[PDB]
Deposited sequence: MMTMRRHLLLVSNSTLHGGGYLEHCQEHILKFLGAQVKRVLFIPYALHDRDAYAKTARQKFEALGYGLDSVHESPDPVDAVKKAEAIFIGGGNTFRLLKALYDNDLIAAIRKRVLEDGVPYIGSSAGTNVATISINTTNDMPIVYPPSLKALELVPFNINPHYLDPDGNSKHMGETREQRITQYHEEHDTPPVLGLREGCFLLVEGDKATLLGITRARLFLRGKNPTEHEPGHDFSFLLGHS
């Protein structure tokens, strides 16, 4: 099941304005990866300049004591995922990222490595969206067309990153999704939120609150430290 195998750190936003790349989440990255991970595999596909993206991510991970391989430098991305000790999918355009995961045959390979082999997964922004059941609640523009909005399904609910309190407001847009048939919960992570998933346990971390939307129900609001395990099953 998920109990001994799933490890996810799902970050809303990579950079606090004025802060460094991954700075506000760096302590929980260290605790999450530990020293049993030596190199992280980065997926840069959400941004167009993958070389510049990978160089940026590498500088930060090397500072934290990890090597960084970018899948876009491997001749065989599936093999790179097969060998990964940890996977980090960064932010950018969520549709570009999801289409690239399908185009490179990485949906099944990443799900396998994370949920079957127990490899830790870090997402930020678009990379948090693609950890979820689907990208239905992204904020991004549909600049390309993936073959489905279904994503890695590492968790069975949706996430709206960089959730924004009151052109439809964010809650209005999420309410329309919940007009659709049988749609799953939508966890609104504000900019300072991250969700740590360890097996069947999920915990809100960071310094901002998260707003939980359920179909047909009034949203319920949740403080850092909040137990979200019930969203997993």
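S.K.: Report the unmodelled segments of the deposited sequence as residue ranges counted from 1.
M.R.: The deposited sequence has unmodelled segments at 167-173, 241-242.
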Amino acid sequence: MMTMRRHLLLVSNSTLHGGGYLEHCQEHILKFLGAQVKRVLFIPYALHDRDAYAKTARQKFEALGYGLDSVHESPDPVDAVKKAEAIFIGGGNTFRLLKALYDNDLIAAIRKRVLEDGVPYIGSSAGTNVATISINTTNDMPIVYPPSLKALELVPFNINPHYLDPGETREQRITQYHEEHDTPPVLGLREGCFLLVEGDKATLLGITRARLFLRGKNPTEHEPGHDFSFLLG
From here on, numbers count along this sequence of modelled residues.
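S.K.: Quick one: say whether 197-205 or 167-175 has the higher mean Cα B-factor in the deposited entry.
M.R.: Higher mean C-alpha B-factor: 167-175.
S.K.: Using the B-factors recorded in the PDB entry, average over the C-alpha atoms of 6-14 and of 217-225, then report which stretch comes out higher.
M.R.: Between 217-225 and 6-14, it is 217-225 that shows the higher mean C-alpha B-factor.
S.K.: Could you tell me which third, lowest, middle or highest, the C-alpha B-factor of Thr183 occupies within its chain?
M.R.: Middle third of the chain for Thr183's C-alpha B-factor.
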